[PDB]
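When we count neighbours, we look across all protein chains shown, and the Cβ atoms used for this are built from the backbone with ideal geometry, even at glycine. What is reported rests on the model, the rules as stated and the sources as named; nothing here is a laboratory result.
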Amino acid sequence: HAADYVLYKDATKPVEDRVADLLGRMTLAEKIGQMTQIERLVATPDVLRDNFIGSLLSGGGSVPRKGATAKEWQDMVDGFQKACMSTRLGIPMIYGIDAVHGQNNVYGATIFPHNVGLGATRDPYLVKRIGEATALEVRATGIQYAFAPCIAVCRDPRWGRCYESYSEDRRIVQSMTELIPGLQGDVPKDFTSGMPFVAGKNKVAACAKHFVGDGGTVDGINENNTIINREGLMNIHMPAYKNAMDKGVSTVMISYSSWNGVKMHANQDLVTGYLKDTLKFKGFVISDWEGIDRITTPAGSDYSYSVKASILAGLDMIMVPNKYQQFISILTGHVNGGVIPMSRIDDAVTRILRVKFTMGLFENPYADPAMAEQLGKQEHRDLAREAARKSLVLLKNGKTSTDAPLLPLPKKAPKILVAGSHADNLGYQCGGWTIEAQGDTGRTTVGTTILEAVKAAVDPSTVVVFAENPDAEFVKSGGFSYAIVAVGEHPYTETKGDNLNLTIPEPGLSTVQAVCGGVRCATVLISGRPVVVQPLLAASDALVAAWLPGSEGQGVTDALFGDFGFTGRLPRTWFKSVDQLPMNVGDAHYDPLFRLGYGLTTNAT
């Protein structure tokens with residue numbers, strides 16, 4: 001009704017009408033800008049305006065500064081948004097980040113257990129509630145888009161991202177797609193499968209990743225080839241993408257991996273033919289980081305081809321993330337030369353705009369300062385603590401069938417020992433994608449280590465001694481009632497985590513042997529995956545697979561001291577040796593140390 005009315009700016013109008021109205025006004029430069037996502041590290045107000053940039057991200061560890069507050073994050077994001085809103089059309093950018101176990105790049109964010117442990121809970125409603133809390137903590141920092149969930153079905157634990165997979169069993173991964181409506185909100189009653197959805201300003205856009213077969217690569221080699229017939233691809237690796245469509249996942253990220261030698265980032269048949277045309281996905285498809293570069297061998301050796309192949313394959317938004325001028329220049333040339341039709345550009349931009357309008361981003365482009373206090377909120381930590389406890393799998397509770405069960409341990413004892421490299425190391429208990437991509441060691445954020453949790457749990461008369469790596473004599477002479485010893489993997493992600501031997505670093509086993517040799521012991525194993533465990537088992541009275549439980553170490557002691565019983569069950573096969581791999585439930589020659597679904601129980605004290 002005002003004389004300067006512009007339909008796309010009218011919040012009362014249907015999303016599709018707003019999309020069409022804006023699209024019809026855009027120049028080629030404005031269109032290609034929407035398709036471009038850049039790192040905050042290369043962003044400036046002029047770059048964002050002049051190139052009509054559609055999206056920014058923080059990669060792992062890409063932060064305004066170490067220890068930044070929620071408000072500092074909001075101010076940074078809003079500064080970028082102010083630049084984007086100052087363009088001719090005022091299209092807001094969407095800011096993405098890997099919030100994969102909480103808002104994990106941010107100091108003081110609640111850190112939830114990694115996905116493998118969540119699979120052990122068999123509790124999809126718990127995972128939904130984690131999505132809900134994670135959305136609040138992401139919005140606390142002004143960010144609107146999380147690159148989660150990873151719905152890989154990890155079929156070989158030698159993969160460095162196996163901890164990002166809920167299970168080797170697709171049925172468990174499918175169940176855990178409940179993360180999506182946690183992050184985004186529940187879809188309405190009449191909802192069409194494949195449409196994008198986000199409820200509003202207190203929720204975030206989600207991302208089902210990495211499409212498809214990322215968990216199926218040969219020998220678990222990250223980014224490698226997945227060799228499997230269509231029937232197996234569709235039976236193992238694809239199903240959870242359909243659940244994600246049904247729950248309105250807003251975006252899908254493409255895998256670095258290949259399927260039978262075809263790069264996913266160049267696979268028109270799967271990206272356009274299947275995801276878009278068969279599953280009816282109507283959100284946007286985003287590349288992985290320099291994913292189009294890696295289409296070629298060597299990577300980046302023909303970036304012109306990378307742009308052509310990826311955009312023709314059906315990708316909508318490119319996580320460049322640094323060389324935006326080159327990306328934009330090359331894509332512009334391809335359109336100008338008729339190599340890429342305007343129809344393909346218009347489809348990509350239609351999808352990007354659909355997600356942005358749907359989620360309310362044109363109505364609330366800026367951060368809400370009242371949300372900053374959601375970061376690290378005690379209610380969310382209480383949830384993480386529940387999740388950590390439910391994730392724990394009890395593998396042994398007594399050396400013989402006639403021994404007294406060691407767990408639960410008594411809170412009142414004259415003197416107890418807490419030992420091991422992982423007993424008082426917050427970074428190690430969080431693992432990868434915590435503060436940095438690869439994670440880190442020591443007190444990297446706000447949390448409670450296993451040692452701190454023990455001290456918070458025990459009777460006031462119980463003396464707690466910590467020794468990181470005590471010798472056998474120290475233990476034998478110490479007058480201890482029992483010991484809790486924690487060891488395991490160091491933090492990792494992506495290719496750095498690929499590991500053909502799956503043996504934990506020393507000292508780990510040597511400390512368990514020294515401790516358990518002198519006093520009854522409960523071994524807590526911190527890992528992203530099954531690892532060689534027979535020697536640890538042989539030494540230990542009790543052993544718990546605690547995965548990567550996150551910031552809330554009291555989840556571990558909640559079960560050790562019997563406040564709750566152990567309930568977790570293995571979401572993966574535990575192998576006898578790495579020579580067996582790959583080896584999954586349902587295989588012909590299945591000879592596990594512990595089958596998928598195994599877990600001992602205790603009752604609460």
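Report yes if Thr444 is out of contact with any strand residue (DSSP E or B) (no Cβ under 6 Å at 6 or more places or on another chain), in contact (Cβ under 8 Å) with a residue 12 or more places away in the chain and either closer than 17 Å to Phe564 by Cα or outside the structural domain of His114 (by CATH) (or both), otherwise no. Here the answer is yes, as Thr444 does meet what is asked. Taken over region 253-264, the criterion of being surrounded by 23 or more Cβ atoms within 10 Å (Cβ to Cβ) and farther than 12 Å from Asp214 by Cβ is satisfied by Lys263 alone. For region 301-352, a residue qualifies if it is surrounded by fewer than 21 Cβ atoms within 10 Å (Cβ to Cβ), in a loop (DSSP other than H, G, I, E, B) and among the charged types (D, E, K, R), and the qualifying residues are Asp302, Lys323. Of the residues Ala472, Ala437, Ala467, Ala453, the single one that is in contact (Cβ under 8 Å) with a residue 24 or more places away in the chain, crowded, with 22+ Cβ neighbours inside 10 Å, outside the structural domain of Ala68 (by CATH) and among the aliphatic types (A, V, I, L, M) is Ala453.
Residues of region 410-434 that are in contact with a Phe, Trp or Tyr (Cβ under 9 Å, 6 or more places away or on another chain), in a loop (DSSP other than H, G, I, E, B) and either surrounded by fewer than 24 Cβ atoms within 10 Å (Cβ to Cβ) or of a type in the set (S, T, N, Q) (or both): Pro410, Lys411, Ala413, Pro414, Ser421, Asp424.
Scanning region 91-112 for residues that are farther than 13 Å from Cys150 by Cα, touching a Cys at 6+ places or on another chain (Cβ under 8 Å) and among the aliphatic types (A, V, I, L, M) turns up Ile91, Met93, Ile111. Being charged (D, E, K, R) and surrounded by fewer than 24 Cβ atoms within 10 Å (Cβ to Cβ) is a description that applies to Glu178.
Would you mention how many residues in region 192-217 are under 22 Å from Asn364 (Cβ atoms) and assigned to a loop (DSSP other than H, G, I, E, B)? Spell out how you get there, then give the answer.
Restricting attention to region 192-217, the residues satisfying the condition of being under 22 Å from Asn364 (Cβ atoms) are 195-207.
Pick out the ones that are also assigned to a loop (DSSP other than H, G, I, E, B) and you get 195-204, 206.
Counting residues in region 192-217 that are under 22 Å from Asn364 (Cβ atoms) and assigned to a loop (DSSP other than H, G, I, E, B) gives 11.
Counting only residues that are in contact (Cβ under 8 Å) with a residue 12 or more places away in the chain and not in a loop (DSSP other than H, G, I, E, B), region 536-595 holds 20 of them. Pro408 fulfils the conditions (1) over 30 Å from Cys521 (Cα atoms); (2) in the same structural domain as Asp541 (by CATH) except for a single criterion, (1).
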